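Here's the structure we're looking at; comments come further down.
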Amino acid sequence: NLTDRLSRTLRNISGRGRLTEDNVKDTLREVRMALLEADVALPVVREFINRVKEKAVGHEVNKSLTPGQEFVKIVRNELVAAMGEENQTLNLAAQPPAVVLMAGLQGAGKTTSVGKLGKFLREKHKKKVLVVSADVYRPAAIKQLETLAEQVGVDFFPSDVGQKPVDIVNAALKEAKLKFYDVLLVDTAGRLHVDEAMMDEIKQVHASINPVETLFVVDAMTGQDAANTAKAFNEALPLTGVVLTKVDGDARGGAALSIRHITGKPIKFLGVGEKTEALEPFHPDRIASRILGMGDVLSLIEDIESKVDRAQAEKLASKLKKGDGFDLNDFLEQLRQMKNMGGXXXXXXXXXXXXXXXXXXXXXXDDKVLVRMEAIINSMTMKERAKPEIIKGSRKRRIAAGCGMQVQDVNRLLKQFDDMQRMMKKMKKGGXXXXXXXXXXXXXXXXXXX
Amino acid sequence: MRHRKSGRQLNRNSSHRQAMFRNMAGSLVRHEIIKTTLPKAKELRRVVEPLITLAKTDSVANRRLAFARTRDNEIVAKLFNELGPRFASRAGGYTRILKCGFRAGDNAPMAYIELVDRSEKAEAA
RNA sequence: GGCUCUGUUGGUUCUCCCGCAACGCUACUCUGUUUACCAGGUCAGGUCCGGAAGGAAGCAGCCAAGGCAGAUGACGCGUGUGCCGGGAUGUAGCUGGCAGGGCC
RNA sequence: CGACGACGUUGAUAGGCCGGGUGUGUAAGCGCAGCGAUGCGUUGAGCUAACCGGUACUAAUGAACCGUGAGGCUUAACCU
Ligand SMILES: Nc1nc2c(ncn2[C@@H]2O[C@H](COP(=O)(O)OP(=O)(O)O)[C@@H](O)[C@H]2O)c(=O)[nH]1
Ligand code: ALF
Ligand SMILES: [Mg+2]
């Protein structure tokens, strides 16, 4: 729907100009409504729209085929850039034990996240993990975390509803430091931003254990309240990251964009399922790619774009390799054009001042020499041509054995090619008239031939 | 006795220094990356960057002021129409210093020094 | 007015076997490019033998092929789905019905 | 100079950046007054090195290298 709406909008409003702010109105409105149906926070929607405007002012769109497609490309790039980077991971470098604190609303899946991160850090990172339940409120929450910990093979710290979260996490931290645990996972009760006592509680806990990692667990189906929750939780605690859960649903998941924008904290994890063994890393491009459904439209476009890309790549590379300078390719061309057009008898006539000093019969026969040169060049691979400085003795052996001649002749032609390269380089650096007039006839004295 | 003393002499008299940093600053701003000795370039930090902090607030006063720092109109107009917007959201640290091999002639330690966004705005253009 | 446990029976879980239907996984190969002479084929050009007829060693290019990647079918390893599927087995564990006692 | 002291991202070691302090002494622009120099208002203004308090924005790199693997003989005094 996005591509269709944008293409339709850019087509119906303006013809082919260079896109201007006046043409992006209905575009921005349709994108706005698209994000509103995506359950994205309205202020985030507006602040994104502003960036879309800033990118719309300078559009290079006119030179392409489909304006809506490249506009979609720009929006996707900006959105991915807004989602942050990849390979985001908790800091297990930390001085052990590493303390990870959980925060979020009720039924956010914080406990299941503790189980997932438990199995993940235990198996993959080879870490010794201790888990503890700070929840004295929710019935059988401690038993749940204990069960999950028993399933993932992670040691569990005993706790009950008769205790207090502070003493619980303090005893857990003490036990973690005493038994030399690598990672301390702290699960806490789901709480509302409108609750003062619970916020003071999680603040006292965060102050008590001083966690190196504070994770914010929010549902993917969360609505406009995600703004309030993200803001309040961000102002209450110095979040080190955000953990999104229930991404496997059909939900739009604009709440991720909301929290990411408002808090400014990166998303390090995406729950892909209910089970403990199911966890996925956060990929900005994957999340920013899909809120939609469609078919058969994007395939042809992606194909054509690929064709244009590979064509422009090959055509630019072909000019780039030939634009490096003078090589054995151009030398080969000049040599075949030589042997075809060879003017030795005529060039002896064309030259006047050089014939008065040098011998008249000193001119070598073009046919034999240039056939030898052509054939010897034909014994060379394309790499030794474009890059002549990689030629060594063994390659000279291959060449000489291939053409059925002596290596000294190969060295001779490499010398002549060196001379030609130097000369043509001097022609490229200076003027052809300054360089043609700079040509000098060397005489070692005023005596002829001495 | 050098105690708590800041600034580096670099074997020049006062005015000479001052000038050298004006042209070095100018040159950097113009090309966005240069190659100089290490210590000259650690002293350049303390010149160029406050210029940038100046350009992050636009007024006639600051235009003039930075002109009196660098003595060039090309450099100031660039400073305010480009680098002012660019670093607008960043706190200090506008330059990065990368040490390299040694000046072959005298065996001096060399460093490229550059604006942090030298790369991405040279790519995106 | 509730509950527990025996007699009988219906389910369910675990262990073993199997059918139908409904969701998900490696190693090889097809394309993208790569590897100078020292694996191979065609081997232009040139070169070797011959008056000629023609053969020959073999460079480059190309194709296997050998590196590195984008995914194609069958093997290999799994399952909170449905037919309350069909069976085997527990001296088992859990649950319900009925014949009920007894405890309050 | 070697040397000693602090630190090297789990980081305030250095510069920057934010705040203060200090110093100088009321920036520039604009408005008003005057024929003009200059004055008056915006204004204790503007700038401020080396100082103090914060802040990882830039640089302090994953590594590698040196260093090893139970430590001589004799005698005595306890211990098997
Ligand atoms: N599909 C899916 N379900 C999830 C995920 N995380 C949690 N849940 C569900 O959340 C339910 C219990 O949430 P819970 O962890 O107890 O809430 P919390 O302890 O307050 O964070 C479980 O039944 C899970 O099925 C997830 O990433 N994906
Ligand atoms: F349901 Al919760 F913390 F486990 F709110
Ligand atoms: Mg919980």
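Please go through the range A:170-221 and pick out each residue that is acidic (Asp, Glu) and within 16 Å of ligand 1 (Cβ to nearest atom). Give the steps one after another, and end with the answer.
Our first condition is that a residue be acidic (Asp, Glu); within the range A:170-221, this holds for A:175, A:182, A:187, A:195-196, A:200-201, A:213, A:219.
The answer is A:187, A:195, A:201, A:219.
Conditions tested, residue by residue: (1) more than 16 Å from ligand 1 (Cβ to nearest atom); (2) away from chain B (no Cβ under 14 Å); (3) in a loop (DSSP other than H, G, I, E, B).
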position	(1), (2), (3)
A:103	no, yes, no
A:108	no, yes, yes
A:112	no, yes, no
A:117	no, yes, no
A:121	yes, yes, no
A:132	no, yes, no
A:137	no, yes, yes
A:142	no, yes, no
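Could you please let me know if residue A:177 is among the basic types (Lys, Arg), over 30 Å from residue A:285 (Cα atoms), away from ligand 2 (no atom under 16 Å from the Cβ) and out of contact with any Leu (no Cβ under 8 Å at 6 or more places or on another chain)?
Values: among the basic types (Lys, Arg): yes; over 30 Å from residue A:285 (Cα atoms): yes; away from ligand 2 (no atom under 16 Å from the Cβ): yes; out of contact with any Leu (no Cβ under 8 Å at 6 or more places or on another chain): yes.
Yes; evaluated as a whole, the condition is true for this residue.
Screening residue A:222 against (1) out of contact with any strand residue (DSSP E or B) (no Cβ under 8 Å at 6 or more places or on another chain); (2) surrounded by fewer than 22 Cβ atoms within 10 Å (Cβ to Cβ) leaves a single unmet condition, (2). Apart from one condition, residue A:194 fits all of (1) assigned to a loop (DSSP other than H, G, I, E, B); (2) crowded, with 18+ Cβ neighbours inside 10 Å; (3) more than 16 Å from ligand 3 (Cβ to nearest atom); the exception is (2). What single numbered condition from (1) of a type in the set (A, V, I, L, M, F, W, C); (2) closer than 30 Å to residue A:65 by Cα; (3) part of a loop (DSSP other than H, G, I, E, B) fails to hold for residue A:326? Exception for residue A:326: condition (2).
When you check residue A:436 against the structure, is it more than 14 Å from chain B (Cβ to nearest Cβ), more than 16 Å from RNA strand C (Cβ to nearest atom), in a helix (DSSP H, G or I) and free of Cβ contacts under 8 Å to residues at least 40 places away in the same chain, yes or no?
Values: more than 14 Å from chain B (Cβ to nearest Cβ): yes; more than 16 Å from RNA strand C (Cβ to nearest atom): yes; in a helix (DSSP H, G or I): yes; free of Cβ contacts under 8 Å to residues at least 40 places away in the same chain: yes.
In short, yes.
Among the residues of this structure, residue A:396 does not count as one that is within 30 Å of residue A:448 (Cβ to Cβ) and either surrounded by 16 or more Cβ atoms within 10 Å (Cβ to Cβ) or more than 14 Å from chain B (Cβ to nearest Cβ) (or both). Going residue by residue through the range A:261-274, is there one that turns out to be touching a residue at least 60 places away in the same chain (Cβ under 8 Å), at negative phi, assigned to a helix (DSSP H, G or I) and more than 14 Å from every other protein chain (Cβ to nearest Cβ)? For the range A:261-274, residues touching a residue at least 60 places away in the same chain (Cβ under 8 Å), at negative phi, assigned to a helix (DSSP H, G or I) and more than 14 Å from every other protein chain (Cβ to nearest Cβ): present.
For the range A:110-148: of the residues being within 11 Å of ligand 2 (Cβ to nearest atom) and without any contact (Cβ under 8 Å) to a residue 12 or more places away in the chain, which is surrounded by the most Cβ atoms within 10 Å (Cβ to Cβ)? Here the answer is A:140.
Restricting attention to the range B:1-24 and to residues that are in a helix (DSSP H, G or I) and surrounded by 12 or more Cβ atoms within 10 Å (Cβ to Cβ), the residue that is farthest from the other protein chains (Cβ to nearest Cβ) turns out to be B:17.
For the structure I just gave you, tell me whether residue A:92 is surrounded by fewer than 16 Cβ atoms within 10 Å (Cβ to Cβ), in contact with a helix residue (DSSP H, G or I) (Cβ under 8 Å, 6 or more places away or on another chain) and either within 14 Å of chain B (Cβ to nearest Cβ) or closer than 24 Å to residue A:265 by Cα (or both). Lay out the reasoning, then the answer.
Working: surrounded by fewer than 16 Cβ atoms within 10 Å (Cβ to Cβ): yes; in contact with a helix residue (DSSP H, G or I) (Cβ under 8 Å, 6 or more places away or on another chain): yes; either within 14 Å of chain B (Cβ to nearest Cβ) or closer than 24 Å to residue A:265 by Cα (or both): yes.
Yes.
Checked against the criterion of being within 16 Å of ligand 3 (Cβ to nearest atom), of a type in the set (A, V, I, L, M) and out of contact with any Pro (no Cβ under 7 Å at 6 or more places or on another chain), the range A:243-257 has at least one qualifying residue.
So is residue A:286 free of Cβ contacts under 8 Å to residues at least 24 places away in the same chain, assigned to a helix (DSSP H, G or I) and within 30 Å of residue A:124 (Cα to Cα) or not? Judged against the criteria, residue A:286 is a match. Taking the range B:25-125 as the region of interest, the helices (runs of 4 or more DSSP H) fully inside it that hold 1 or more residues being without any contact (Cβ under 8 Å) to a residue 40 or more places away in the chain and surrounded by 14 or more Cβ atoms within 10 Å (Cβ to Cβ) are B:38-55, B:60-70, B:73-78. Residues in the range A:5-63 that are more than 30 Å from residue A:225 (Cβ to Cβ), in a helix (DSSP H, G or I) and of a type in the set (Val, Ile, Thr): A:9, A:13, A:57, A:61.
Residue check: is residue A:383 within 12 Å of RNA strand C (Cβ to nearest atom), within 55 Å of the chain's Cα centre (by Cα) and of a type outside the set (A, V, I, L, M, F, W, C)? In short, yes. Restricting attention to the range A:364-389 and to residues that are closer than 17 Å to residue A:412 by Cα and in a loop (DSSP other than H, G, I, E, B), the residue that is nearest to ligand 2 (Cβ to nearest atom) turns out to be A:380. In the range A:1-42, the residue that is nearest to the other protein chains (Cβ to nearest Cβ) out of those that are without any contact (Cβ under 8 Å) to a residue 60 or more places away in the chain and within 10 Å of residue A:67 (Cβ to Cβ) is A:19.
Being surrounded by 21 or more Cβ atoms within 10 Å (Cβ to Cβ) and either within 16 Å of ligand 1 (Cβ to nearest atom) or in contact (Cβ under 8 Å) with a residue 60 or more places away in the chain (or both): is that true of residue A:82 here? Walk me through how you get there before you give the answer.
Numbers: surrounded by 21 or more Cβ atoms within 10 Å (Cβ to Cβ): no; either within 16 Å of ligand 1 (Cβ to nearest atom) or in contact (Cβ under 8 Å) with a residue 60 or more places away in the chain (or both): yes.
When the stated conditions are applied, residue A:82 does not pass them.
Taken together, A:246, A:268 contain a single residue that is closer than 16 Å to residue A:111 by Cβ, of a type in the set (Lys, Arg) and buried (at least 20 other Cβ atoms within 10 Å of the Cβ), which is A:246.
Annotation: residue A:77 fulfils all but one of (1) part of a helix (DSSP H, G or I); (2) within 16 Å of ligand 2 (Cβ to nearest atom); (3) not charged (D, E, K, R); the unmet one is (2). Within the range B:78-111, restricting attention to residues that are among the hydroxyl-bearing types (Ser, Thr, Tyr) and under 20 Å from residue B:46 (Cβ atoms), the residue that is farthest from the other protein chains (Cβ to nearest Cβ) is B:95.
Quick note: the coordinates plus some simple rules give every number you see, no bench work behind them. Note that each Cβ is placed from the backbone with ideal geometry, even for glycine, and that neighbours are counted across all protein chains shown.
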